[PDB]
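Labels run A, B, C, D and E following the written order; every chain starts at residue 1.
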């Protein structure tokens, strides 16, 4: 989706920061101790 | 007549007048392109 | 009954008649409309058998040649038979020069153009109807 | 009589002929028509060799070659139609791979030439290296030389042949330039159109006004003033979109703690909950930090279902005590309670994509003075990109971001006009603040909108512009640059294009009726000096807009649409007057045919030219009523068909790939690849792909139509709803002459159907005559 | 086949005849309508095999070139051979000057305009019909 939008135009330097994905990843690391231990 | 002489000189020449028109169009397009690029850079940045 | 399947039309002889019309308009031809109507009727009458029709056409081809010779102002074959000795006496180059002088290439070009026009117009116009109409008109004028 | 034919003709042919007659009769052919058809058929059979294989194939393909002739139903004058079509067939036209490849390669090379020239100029990057005085002198002398050459080209007298050569050369140059993409080609076409239009205007002013007859002089002056106004409007329009800015998003700082706070406003008055639910779900799915985004629903109806939805999904909800100033007042009241640094406004139908604020707020964080940013809700798109060059992009009422402090400083959204958005943009511009425009699609939600919406906007906008000019005139104001004033004046003039159209409609009649000479010139000169103007204007507008379908016919569509809205715009400052004008034009046609057949032959060509003009007028007039009857005729609703690969999982574990045909809040209808015996009432799982992720939605099949399967959603949860709205709505998303002729014909038909009776009769007779005449027109 | 779809048309030669028509509209041609009509019939003669059609066109190309030479006012081959010695004896600069003086750029521009118009028309309208109609009209005028 984001890649398609960036292909329809130039958008070469706008690095996408998915807030939803980051929040879900943070919640997952908070909930599952093994993932938290291995990630950091 | 300073203008009727010029009209009589170019009265029967459509090719030459078309070439002059094309040259003027290209020159004005180039100068407008320069000015618009300058203004666009001044606007965005 | 279905006798229309036997009325085959003039077919090739259409062009024959058109050429004779052309030579009649330019004044090169001595024309007898009655014999032409007779020939048109003879070639137009229907015969049930294909073999009989083909035999009729093959027999009429010499008859068509004879009618063409009669319509032209050329001397009769008896004159050719009598003067064959004089014809053979002349050299080959003299005969070639004479025939080249006789040949009117304008009429040959007209014949070729007419042949092309007939082969194109035979698909869009019934030339048999028009040739019969003109032949009847010429007969009518020469009679009354 | 059957006895006469039976005794006159042999029984076989009589039976054949009577059978053909009965075949005609059974297909509605009259006795006269069938008798005439038999007569023509027997003549054709005896003259035309219809037995020939060529004619056999023609008869076998009769329906293709003769679409407008009914073989089973002979009619009077049918041989006339046959002769006309045969003439067209004879006249008309009925190693290909290599020629096509060469032509395509030539076109591709023409298209790619600007890139190669750009690279060549890039390696010699380079005026730009000279001093200030040297550059000023060189530019001055270059501009003087080019302007003098253009002035000579504009004001050169020519005879018909030299003039025609000039027209052909300039038209060929314009056509060649149009193929080349880029802004330089657009600039060249703009300059060429300016030169041609200046030549036409100079010729009209110096060699066409008739100074002998006062009436013809006044008519010529009025027509010339109208043409001058049209030329000024065209020049201003060229200026507006001469150089689209093509602004691109500025990346946000990688520190998410430096990002600003945004308050999204979704105002609704009477929209159902189904419409607003999708917008709110998309808004919650916008990729932006949760602590930096607050969503507000502004329902003016006080509806409790909206409050329940807002409480369930967590978005805020405010309803006002009173209902003054409508949406503008609603947003002004809501602003007293918001606390964010930026205010974003979305309409109910618009679906905000999750990459909205990410692509928008960079410029606000970068350029401090920027107070407003607009995103697209074609022609409008490019006028707004061109306006951004001069800082004249105005609020469009939706899908915009406004800085909070400037918005509160100007006293909030203006409420004195129907178009609050334009007035807010003008007030922001007056204080020195800047506006931007980003041409990145959101999700565009609604499809088509039809002319019903097209006219809503067209009108509410004209009235608002008139009110703004009345109260906050850009010309008399302070703090506005020249280009912004030019853009605003261009908008006002575009909304004031009502009187010149009437003058253009009445001028050819002013020739045909009063026998005047409003345009005192031979018709050939008129053509040779007017046609290049219209051709070059059409080519330049087509190149600038870049529309796939581009010709004078799109311009005719624009004129008929803008003429339908002239009375309301002039009211801001139908049947009877309009049918009066149409009858005037038809009387002009009648007197024109009289003149052509009985008048002197010297004026015949002028009469013919005026005939063509009046015909164009008759097309426009019919188009105006055609749109009046087609505006309220749309019955379909929101239905968007897009291809997207999905998966369907059965209880048995079978997984099938599918493509979604249509979708709505009630469910989705999909097309299944391959054979699958999916039974209705079976609970299945729909897997949708979002980027590189898969989301599973439980559905039940409610209708199966062959390979088309309709699924309905079981009661969903909040996160599931947001995922659904992200995967469905907030995605990454001569023929025209005949069409306009049909539009005019159907407009005249409707006019005959609905006008007053005293003219109902006249218009019905005219439509019948036009149809009968068209019945003879050759067709391919 | 039976209905003779072999009437393909002149195609490129339409432009040839159009140029002849323009030059006859200017007066530079000693036109031969009968020979032109014979040549057009030679081009329009239907041939079943495509190889025979191609060979006919290739043989007609030198014939058409010779016909265009014949219809012009330029000197014949005997005069060309007689003046070839003088041309060889002349300097290259003199030949270049003669070529520059002989060429009329107005007629070249007219020929280019005719070529563009013919391309557009052939994209829209058959040209063989009009060319043959004009050829027949000229022949009718010359005959009567």
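In this text, a contact is a pair of C-beta atoms (placed from the backbone, for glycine too) under 8 Å apart; a residue touches a chain by one contact, two chains touch by 3 or more.
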item: Which of B-D and D-E has more C-beta pairs touching across its chains; value: B-D
item: Whole-Å separation of chain centres (CA-atom averages), chain A against chain B; value: 55
item: Averaged-CA centre spacing for the pair chain E and chain A, given as whole angstrom; value: 75
item: Cα-centroid distance, chain B relative to chain C, in whole angstrom; value: 74
item: Gap in Å, rounded to a whole number, between the CA centres of chain D and chain A; value: 41
item: Residues of chain C whose C-beta touches two or more other chains; value: 123
item: Set of all touching chain pairs, with the criterion as stated earlier; value: A-D, B-D, C-D, C-E, D-E
item: Touching residues (chain side chain D, partner chain E) in the complex; value: 52-54, 56-57, 90-94, 168
item: Complex contact set, residues of chain A against chain D; value: 1-5, 8-11, 13-20, 23
item: For the chain D and chain A complex, residues of the former touching the latter; value: 248-252, 254, 256, 285, 287-290, 353-355, 358-359, 362, 440-441, 690-691, 731-732
item: Complex contact set, residues of chain E against chain D; value: 1-4, 113, 122-126, 129
item: Touching residues (chain side chain D, partner chain B) in the complex; value: 127, 139, 142-143, 145-147, 149-150, 152-153, 156-158, 162-163, 165-166, 169-170, 173, 183-184, 187-188, 190-192, 195, 242-243, 245, 247, 389, 391
